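Here's a solo chain for you in C-alpha coordinates, the form deposited in one PDB entry.
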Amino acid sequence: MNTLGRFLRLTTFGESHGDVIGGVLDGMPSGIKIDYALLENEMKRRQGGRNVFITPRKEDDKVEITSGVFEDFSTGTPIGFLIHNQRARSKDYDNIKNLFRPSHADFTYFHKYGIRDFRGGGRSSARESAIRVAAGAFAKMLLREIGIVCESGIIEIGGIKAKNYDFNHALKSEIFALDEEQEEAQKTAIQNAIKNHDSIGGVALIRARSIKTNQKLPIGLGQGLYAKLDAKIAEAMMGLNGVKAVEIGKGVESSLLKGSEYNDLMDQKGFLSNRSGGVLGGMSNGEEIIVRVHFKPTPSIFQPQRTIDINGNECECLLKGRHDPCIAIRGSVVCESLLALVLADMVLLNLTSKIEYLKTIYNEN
(Lines give C-alpha, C1' and ligand atoms only; values in the text may rest on other atoms or scores of the structure.)
Protein backbone atom coordinates (compact mmCIF):
# COMPACT_ATOMS: atom_id res chain seq x y z
CA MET A 1 0.00 0.00 0.00
CA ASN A 2 1.75 3.15 -1.23
CA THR A 3 -0.97 5.61 -0.20
CA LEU A 4 -1.47 7.45 3.10
CA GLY A 5 -4.79 9.09 4.01
CA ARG A 6 -8.48 8.96 3.13
CA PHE A 7 -9.50 12.34 1.69
CA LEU A 8 -6.07 14.00 1.62
CA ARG A 9 -4.20 11.10 -0.01
CA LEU A 10 -0.41 10.96 -0.33
CA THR A 11 0.90 8.33 -2.75
CA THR A 12 4.58 7.55 -3.27
CA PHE A 13 6.72 6.12 -6.08
CA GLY A 14 8.12 3.83 -3.41
CA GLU A 15 11.64 2.71 -2.61
CA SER A 16 14.13 3.11 -5.45
CA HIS A 17 17.82 3.57 -6.26
CA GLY A 18 17.43 6.03 -9.13
CA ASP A 19 18.27 9.72 -9.25
CA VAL A 20 14.64 10.78 -8.95
CA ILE A 21 11.95 10.09 -6.37
CA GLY A 22 8.35 11.23 -6.56
CA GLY A 23 5.00 11.51 -4.91
CA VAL A 24 1.59 13.03 -5.40
CA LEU A 25 -0.78 14.67 -2.93
CA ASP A 26 -4.45 14.25 -3.86
CA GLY A 27 -7.32 15.99 -2.08
CA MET A 28 -6.00 19.50 -1.47
CA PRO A 29 -8.82 22.05 -1.55
CA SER A 30 -8.33 24.65 -4.31
CA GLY A 31 -7.40 28.23 -3.51
CA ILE A 32 -4.57 27.53 -1.07
CA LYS A 33 -1.59 29.82 -1.63
CA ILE A 34 1.51 27.68 -2.13
CA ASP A 35 4.11 28.72 0.45
CA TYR A 36 7.34 28.01 -1.42
CA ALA A 37 9.36 29.43 1.47
CA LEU A 38 7.83 26.83 3.80
CA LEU A 39 8.37 23.94 1.39
CA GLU A 40 12.04 24.85 0.98
CA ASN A 41 12.61 25.27 4.72
CA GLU A 42 10.92 21.95 5.50
CA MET A 43 13.27 20.22 3.08
CA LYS A 44 16.20 21.95 4.78
CA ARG A 45 15.17 20.84 8.27
CA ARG A 46 14.76 17.27 7.03
CA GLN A 47 18.52 17.27 6.51
CA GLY A 48 19.31 17.69 10.20
CA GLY A 49 20.14 21.34 9.61
CA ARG A 50 23.24 21.74 11.78
CA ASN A 51 25.58 24.74 12.07
CA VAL A 52 27.56 25.15 8.84
CA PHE A 53 25.90 24.55 5.46
CA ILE A 54 26.13 25.52 1.78
CA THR A 55 23.49 26.78 -0.67
CA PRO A 56 21.10 23.79 -1.10
CA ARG A 57 21.03 24.70 -4.80
CA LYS A 58 24.23 22.96 -5.91
CA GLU A 59 24.10 20.98 -2.66
CA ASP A 60 21.04 18.75 -2.34
CA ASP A 61 17.41 17.95 -3.23
CA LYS A 62 15.00 20.40 -4.87
CA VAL A 63 11.21 19.99 -5.02
CA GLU A 64 9.69 20.29 -8.50
CA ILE A 65 5.90 20.64 -8.51
CA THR A 66 4.64 19.02 -11.71
CA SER A 67 0.91 19.58 -11.24
CA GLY A 68 -1.90 20.79 -9.00
CA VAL A 69 -0.74 24.40 -8.93
CA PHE A 70 -1.65 27.44 -11.00
CA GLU A 71 -0.23 30.91 -10.43
CA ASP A 72 0.95 29.90 -6.95
CA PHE A 73 -2.43 28.52 -5.81
CA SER A 74 -3.69 24.95 -5.44
CA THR A 75 -6.10 24.07 -8.26
CA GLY A 76 -7.86 21.28 -6.40
CA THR A 77 -6.42 18.55 -8.64
CA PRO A 78 -3.52 16.19 -7.76
CA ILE A 79 -0.29 17.93 -6.76
CA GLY A 80 2.51 15.84 -8.20
CA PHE A 81 6.11 16.52 -7.25
CA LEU A 82 9.56 15.15 -7.99
CA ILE A 83 12.79 15.35 -6.04
CA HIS A 84 16.10 15.00 -7.88
CA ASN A 85 19.32 13.99 -6.12
CA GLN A 86 22.57 11.98 -6.16
CA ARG A 87 25.94 13.37 -7.26
CA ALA A 88 29.56 12.19 -7.41
CA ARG A 89 30.45 8.48 -7.26
CA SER A 90 30.81 6.96 -3.78
CA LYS A 91 33.02 4.18 -2.40
CA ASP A 92 31.33 1.05 -1.02
CA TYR A 93 30.30 1.42 2.64
CA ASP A 94 29.65 -2.34 2.41
CA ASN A 95 31.57 -5.31 1.00
CA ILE A 96 29.61 -8.18 -0.55
CA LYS A 97 26.13 -6.64 -0.42
CA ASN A 98 24.47 -10.06 -0.50
CA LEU A 99 23.83 -10.46 3.22
CA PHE A 100 21.10 -9.34 5.62
CA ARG A 101 22.24 -6.35 7.67
CA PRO A 102 21.04 -6.55 11.31
CA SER A 103 17.99 -4.41 12.11
CA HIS A 104 17.55 -3.75 8.40
CA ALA A 105 14.61 -4.79 6.23
CA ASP A 106 16.89 -6.72 3.85
CA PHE A 107 15.73 -9.99 5.40
CA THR A 108 11.99 -9.35 5.16
CA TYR A 109 12.10 -7.85 1.66
CA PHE A 110 14.07 -10.84 0.39
CA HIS A 111 11.52 -13.29 1.77
CA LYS A 112 8.36 -11.36 0.90
CA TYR A 113 9.41 -10.69 -2.69
CA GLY A 114 12.35 -13.03 -3.25
CA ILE A 115 14.24 -10.64 -5.52
CA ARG A 116 17.82 -9.85 -4.56
CA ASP A 117 17.59 -6.08 -5.04
CA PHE A 118 19.01 -3.82 -2.32
CA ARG A 119 21.71 -1.22 -3.01
CA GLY A 120 23.36 1.81 -1.43
CA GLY A 121 21.81 5.25 -1.14
CA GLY A 122 20.80 5.11 2.51
CA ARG A 123 18.68 2.07 1.63
CA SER A 124 14.96 1.89 2.48
CA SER A 125 14.19 5.13 4.35
CA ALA A 126 15.79 8.53 3.75
CA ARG A 127 14.19 8.82 0.32
CA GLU A 128 10.65 8.36 1.62
CA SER A 129 11.19 10.98 4.32
CA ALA A 130 11.79 13.53 1.58
CA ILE A 131 8.40 12.71 0.06
CA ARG A 132 6.67 12.76 3.45
CA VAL A 133 8.19 16.11 4.43
CA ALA A 134 7.39 17.70 1.07
CA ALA A 135 3.80 16.46 1.36
CA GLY A 136 3.66 17.58 4.98
CA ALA A 137 4.39 21.16 3.91
CA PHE A 138 1.26 21.25 1.78
CA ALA A 139 -0.75 19.80 4.65
CA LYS A 140 0.64 22.56 6.87
CA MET A 141 -0.47 25.15 4.31
CA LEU A 142 -3.99 23.74 4.57
CA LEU A 143 -3.99 23.68 8.39
CA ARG A 144 -2.81 27.29 8.66
CA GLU A 145 -5.91 28.35 6.73
CA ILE A 146 -7.87 27.40 9.84
CA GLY A 147 -5.33 28.39 12.49
CA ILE A 148 -3.67 25.04 13.18
CA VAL A 149 0.07 24.45 13.52
CA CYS A 150 2.26 21.40 14.08
CA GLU A 151 5.67 21.43 15.77
CA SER A 152 8.19 18.99 17.18
CA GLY A 153 11.52 18.56 18.87
CA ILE A 154 13.79 16.08 20.61
CA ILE A 155 13.04 15.42 24.27
CA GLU A 156 15.50 12.59 24.71
CA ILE A 157 18.73 11.23 23.24
CA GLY A 158 20.47 8.16 24.61
CA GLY A 159 18.33 8.39 27.73
CA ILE A 160 19.18 12.02 28.46
CA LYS A 161 15.75 13.61 28.96
CA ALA A 162 14.58 17.19 28.58
CA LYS A 163 12.99 18.84 31.62
CA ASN A 164 11.67 22.01 29.99
CA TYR A 165 10.54 22.58 26.40
CA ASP A 166 11.36 25.39 23.97
CA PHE A 167 10.23 24.63 20.42
CA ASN A 168 11.86 27.83 19.16
CA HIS A 169 15.17 26.66 20.60
CA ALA A 170 14.78 23.27 18.94
CA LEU A 171 14.41 25.00 15.57
CA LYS A 172 17.92 26.45 15.53
CA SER A 173 19.43 23.51 17.42
CA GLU A 174 21.87 21.17 15.69
CA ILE A 175 19.90 18.30 17.23
CA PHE A 176 16.49 19.95 17.55
CA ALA A 177 16.89 19.78 21.33
CA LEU A 178 13.93 21.16 23.29
CA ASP A 179 15.92 21.72 26.50
CA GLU A 180 18.98 23.94 26.03
CA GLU A 181 20.14 22.89 29.50
CA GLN A 182 20.37 19.24 28.44
CA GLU A 183 21.50 19.88 24.87
CA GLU A 184 25.24 19.65 25.52
CA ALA A 185 24.89 16.35 27.37
CA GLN A 186 22.77 15.02 24.50
CA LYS A 187 25.31 16.21 21.93
CA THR A 188 28.11 14.51 23.88
CA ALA A 189 26.15 11.24 23.80
CA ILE A 190 26.03 11.58 20.01
CA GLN A 191 29.74 12.32 19.73
CA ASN A 192 30.51 9.22 21.79
CA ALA A 193 28.35 7.15 19.45
CA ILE A 194 30.26 8.39 16.40
CA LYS A 195 33.50 7.80 18.29
CA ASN A 196 32.66 4.19 19.12
CA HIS A 197 31.12 3.67 15.67
CA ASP A 198 27.75 3.03 17.31
CA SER A 199 24.29 4.60 17.46
CA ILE A 200 21.77 5.65 20.12
CA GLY A 201 18.01 5.84 20.35
CA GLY A 202 15.89 8.91 20.94
CA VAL A 203 12.41 10.21 21.61
CA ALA A 204 10.68 12.88 19.56
CA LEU A 205 7.82 15.01 20.87
CA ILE A 206 5.24 16.23 18.37
CA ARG A 207 2.54 18.77 19.11
CA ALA A 208 -0.41 20.35 17.30
CA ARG A 209 -2.00 23.52 18.60
CA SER A 210 -4.10 26.50 17.57
CA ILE A 211 -2.10 29.53 16.42
CA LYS A 212 -4.21 31.86 18.55
CA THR A 213 -3.03 31.89 22.18
CA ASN A 214 -5.17 29.73 24.47
CA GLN A 215 -7.40 29.09 21.45
CA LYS A 216 -8.62 25.50 21.18
CA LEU A 217 -8.15 23.15 18.23
CA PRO A 218 -11.32 21.99 16.49
CA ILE A 219 -13.29 19.60 18.70
CA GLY A 220 -14.40 16.32 17.15
CA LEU A 221 -11.61 15.50 14.72
CA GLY A 222 -11.54 11.72 14.31
CA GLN A 223 -13.81 9.42 12.28
CA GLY A 224 -16.01 6.71 13.76
CA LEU A 225 -14.69 3.62 15.53
CA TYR A 226 -12.04 2.52 13.04
CA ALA A 227 -10.53 5.85 11.99
CA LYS A 228 -10.10 7.49 15.40
CA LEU A 229 -7.66 10.39 15.61
CA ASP A 230 -5.26 8.70 18.02
CA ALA A 231 -5.48 5.45 16.06
CA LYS A 232 -4.47 7.17 12.81
CA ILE A 233 -1.70 9.15 14.50
CA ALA A 234 -0.33 5.88 15.91
CA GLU A 235 -0.59 4.27 12.48
CA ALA A 236 1.42 6.98 10.73
CA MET A 237 4.07 7.21 13.45
CA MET A 238 4.57 3.50 14.01
CA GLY A 239 4.88 3.19 10.24
CA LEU A 240 8.05 5.29 10.36
CA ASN A 241 11.20 3.21 10.05
CA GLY A 242 12.90 2.97 13.44
CA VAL A 243 9.78 3.65 15.50
CA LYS A 244 9.05 0.99 18.14
CA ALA A 245 6.53 2.83 20.34
CA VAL A 246 4.01 5.67 20.18
CA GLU A 247 2.41 7.46 23.13
CA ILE A 248 -0.48 9.92 23.23
CA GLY A 249 -0.48 12.40 26.11
CA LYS A 250 0.33 10.77 29.47
CA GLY A 251 1.11 7.67 27.40
CA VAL A 252 2.93 4.87 29.19
CA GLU A 253 2.63 6.75 32.49
CA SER A 254 -1.17 6.38 32.23
CA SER A 255 -0.97 2.69 33.13
CA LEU A 256 0.72 3.68 36.40
CA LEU A 257 -2.02 6.04 37.60
CA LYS A 258 -5.29 5.64 39.47
CA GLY A 259 -8.60 7.02 38.25
CA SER A 260 -8.62 9.51 41.11
CA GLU A 261 -5.15 10.63 40.03
CA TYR A 262 -5.80 10.57 36.28
CA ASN A 263 -9.39 11.35 35.18
CA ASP A 264 -9.65 14.75 33.50
CA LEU A 265 -12.41 17.32 33.97
CA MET A 266 -14.00 20.19 32.02
CA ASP A 267 -15.90 23.47 32.34
CA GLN A 268 -17.11 25.24 29.19
CA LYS A 269 -14.24 25.08 26.69
CA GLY A 270 -11.28 22.71 26.60
CA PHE A 271 -9.83 20.52 29.37
CA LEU A 272 -7.07 21.73 31.69
CA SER A 273 -4.58 18.94 32.42
CA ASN A 274 -3.54 17.53 29.06
CA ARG A 275 -3.09 13.90 30.06
CA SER A 276 -5.42 12.91 27.24
CA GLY A 277 -2.87 14.47 24.92
CA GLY A 278 -5.67 16.23 23.05
CA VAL A 279 -7.57 13.06 22.16
CA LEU A 280 -10.57 11.79 24.10
CA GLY A 281 -12.79 8.92 23.02
CA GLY A 282 -10.87 8.76 19.77
CA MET A 283 -11.66 12.39 18.95
CA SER A 284 -9.90 15.72 19.44
CA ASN A 285 -11.10 17.38 22.64
CA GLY A 286 -9.70 20.80 21.82
CA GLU A 287 -6.53 20.55 23.88
CA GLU A 288 -3.06 20.45 22.36
CA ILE A 289 -2.29 17.15 20.65
CA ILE A 290 0.79 15.65 22.29
CA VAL A 291 2.64 12.73 20.75
CA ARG A 292 5.78 10.89 21.84
CA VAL A 293 7.60 8.69 19.32
CA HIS A 294 10.37 6.27 20.36
CA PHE A 295 13.17 5.45 17.92
CA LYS A 296 15.48 2.46 18.21
CA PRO A 297 19.18 3.23 17.61
CA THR A 298 20.31 3.51 13.98
CA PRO A 299 20.68 0.01 12.41
CA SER A 300 23.90 0.64 10.46
CA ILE A 301 27.04 0.83 12.58
CA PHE A 302 30.73 0.48 11.67
CA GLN A 303 31.15 -2.74 13.66
CA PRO A 304 31.47 -6.47 12.88
CA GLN A 305 28.02 -8.04 13.24
CA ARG A 306 27.21 -11.74 12.89
CA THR A 307 24.54 -12.59 10.32
CA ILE A 308 23.77 -14.69 7.24
CA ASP A 309 23.72 -14.15 3.48
CA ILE A 310 21.17 -14.82 0.74
CA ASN A 311 22.31 -18.45 0.71
CA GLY A 312 22.07 -18.89 4.47
CA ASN A 313 25.79 -19.25 5.18
CA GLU A 314 27.07 -17.48 8.30
CA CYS A 315 29.11 -14.38 7.50
CA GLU A 316 30.35 -11.09 8.95
CA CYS A 317 28.62 -7.76 8.37
CA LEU A 318 31.06 -4.86 8.53
CA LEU A 319 29.51 -1.61 7.29
CA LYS A 320 32.37 0.83 6.68
CA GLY A 321 31.95 4.59 6.48
CA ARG A 322 30.03 7.19 8.47
CA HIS A 323 26.45 6.54 9.56
CA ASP A 324 23.62 8.46 11.23
CA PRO A 325 24.30 8.10 14.98
CA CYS A 326 20.69 8.93 15.92
CA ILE A 327 17.80 8.70 13.43
CA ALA A 328 15.36 10.14 15.98
CA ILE A 329 16.70 13.60 15.13
CA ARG A 330 15.73 13.55 11.44
CA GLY A 331 12.79 11.32 12.38
CA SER A 332 11.30 14.06 14.56
CA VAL A 333 10.82 16.28 11.51
CA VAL A 334 9.17 13.46 9.55
CA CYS A 335 6.82 12.74 12.47
CA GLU A 336 5.88 16.41 12.44
CA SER A 337 5.01 16.16 8.75
CA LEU A 338 2.96 13.01 9.30
CA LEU A 339 0.94 14.61 12.08
CA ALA A 340 0.20 17.49 9.69
CA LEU A 341 -0.95 15.04 7.00
CA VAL A 342 -3.16 13.06 9.41
CA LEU A 343 -4.67 16.17 10.98
CA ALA A 344 -5.36 17.79 7.61
CA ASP A 345 -7.08 14.58 6.45
CA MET A 346 -9.25 14.61 9.58
CA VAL A 347 -10.13 18.28 9.11
CA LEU A 348 -11.43 17.44 5.63
CA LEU A 349 -13.29 14.28 6.68
CA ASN A 350 -14.99 16.25 9.48
CA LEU A 351 -16.68 18.57 6.92
CA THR A 352 -19.35 15.87 6.42
CA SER A 353 -20.44 15.63 10.07
CA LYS A 354 -23.47 17.94 10.39
CA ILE A 355 -26.23 18.45 7.85
CA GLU A 356 -25.93 22.18 8.58
CA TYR A 357 -22.48 22.01 6.97
CA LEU A 358 -23.99 20.71 3.72
CA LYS A 359 -26.80 23.25 3.79
CA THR A 360 -24.39 26.14 4.36
CA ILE A 361 -22.26 25.03 1.42
CA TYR A 362 -24.99 24.02 -1.06
CA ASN A 363 -28.11 26.02 -0.14
CA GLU A 364 -26.18 29.22 0.59
CA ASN A 365 -24.07 29.40 -2.57
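Rigid core: the largest C-alpha set superposing within 1.5 Å between the two forms. Start at 1 with the first residue shown and count on from there.
Missing here is the form deposited in another entry; even so, the following discussion is about that form.
Fit the rigid core and compare the CA positions between the shown form and the other one: of 249, 222, 270, 242, just 270 moves by 2 angstroms or more. Relative to the superposed core, residue 71 undergoes a Cα shift smaller than 2 Å between the shown form and the other one.
Fitting the two forms on the rigid core leaves the C-alpha of residue 112 displaced by under 2 angstroms between the shown form and the other one. The Cα shift for residue 90 between the shown form and the other one, taken after rigid core superposition, is 2 angstroms or larger.
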